[PDB]
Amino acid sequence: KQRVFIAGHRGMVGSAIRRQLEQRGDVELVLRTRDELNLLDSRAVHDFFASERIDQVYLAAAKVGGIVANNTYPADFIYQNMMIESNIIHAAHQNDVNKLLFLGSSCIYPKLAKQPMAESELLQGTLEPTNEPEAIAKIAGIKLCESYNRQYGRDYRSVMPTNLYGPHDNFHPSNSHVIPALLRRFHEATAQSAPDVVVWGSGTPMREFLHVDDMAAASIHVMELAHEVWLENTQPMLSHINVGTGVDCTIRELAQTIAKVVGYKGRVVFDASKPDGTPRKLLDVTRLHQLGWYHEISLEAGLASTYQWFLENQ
């Protein structure tokens, strides 16, 4: 069995990967909570790698937040993510861990990228300011992996998810992430019998959403590809793989779907006196599809199962 360390296993993404692997008789999971191992502490991280015989690492630990958190604590987001990534990568290398999967984010891409965004859009223009600090730390993570691959012949791969939703999300109505926010807002609206729910903007912008269990399955799929196959479909200094659906959805279609899924009978209302973001943002997932992975969970199905998970965990 392969000994697989999923950093950040109690996280949204980490716990999705754990649920899938825990069904694998060919895998032994090695897991440490934050209390047991602070991944900011280089010495602790090296001690763990030196004593635990790891074969593969899924790097799913990170300082994460929404718009307010990213603009309010920028130092926390660049420092902590640079240090977690640096410590784990360095320790992995030092202890002969050859396989690693780094989980980044689509925030890496330029604000005005060409759509849909191919992996080659990386570094082609200015970042969104709200996410700039975290985005630079995640690009540094990808370039750490690439650099160790190139200097030492490592196999440290990377995926960049689109917007994710599903179990273990933060279902507060003030989350800036639209799916959990709206699930919770429509849930409460449905409880109060509120006549309407008002969403800022016209509803016209197009966005992309992937269920976290699809993310986890794609991530495992990418981790487990033959190296020769992964190499044929990437480039040493352009090595990351976008993970998503590659399909747009309007915020209007999303909000009307969530209303249906929760059984809301009032009105979804869009207040177009508020600004819209860009008209379209989504990943080009041609590389992942060429590597033989396609998502399985439709928005409708994913929303319904996610909402059921929230009901069970209120």
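Each residue number is its position in the shown sequence, starting from 1.
Between the stretches 189-197 and 127-135, it is 189-197 that shows the larger average CA temperature factor. Per the PDB record, of the two stretches 23-31 and 266-274, 23-31 carries the greater mean B-factor over its C-alpha atoms. Each of 157, 114, 184, 207 has a CA temperature factor in the record; the biggest one is found at 114. Of the candidates 75, 216, 107, 144, the PDB record gives 107 the highest C-alpha temperature factor. In the deposited entry, the Cα temperature factor of residue 253 sits in the bottom third of values across the chain's modelled residues. Residue-level temperature factors show residue 283 in the middle third of its chain, judged at the C-alpha atom. For residue 235, the recorded CA temperature factor ranks within the middle third of the chain's modelled residues. Remark: residue 229 belongs to the highest third of its chain, ranked by C-alpha B-factor as recorded.
Sorting the modelled residues of the chain by their CA temperature factor places residue 121 in the middle third.
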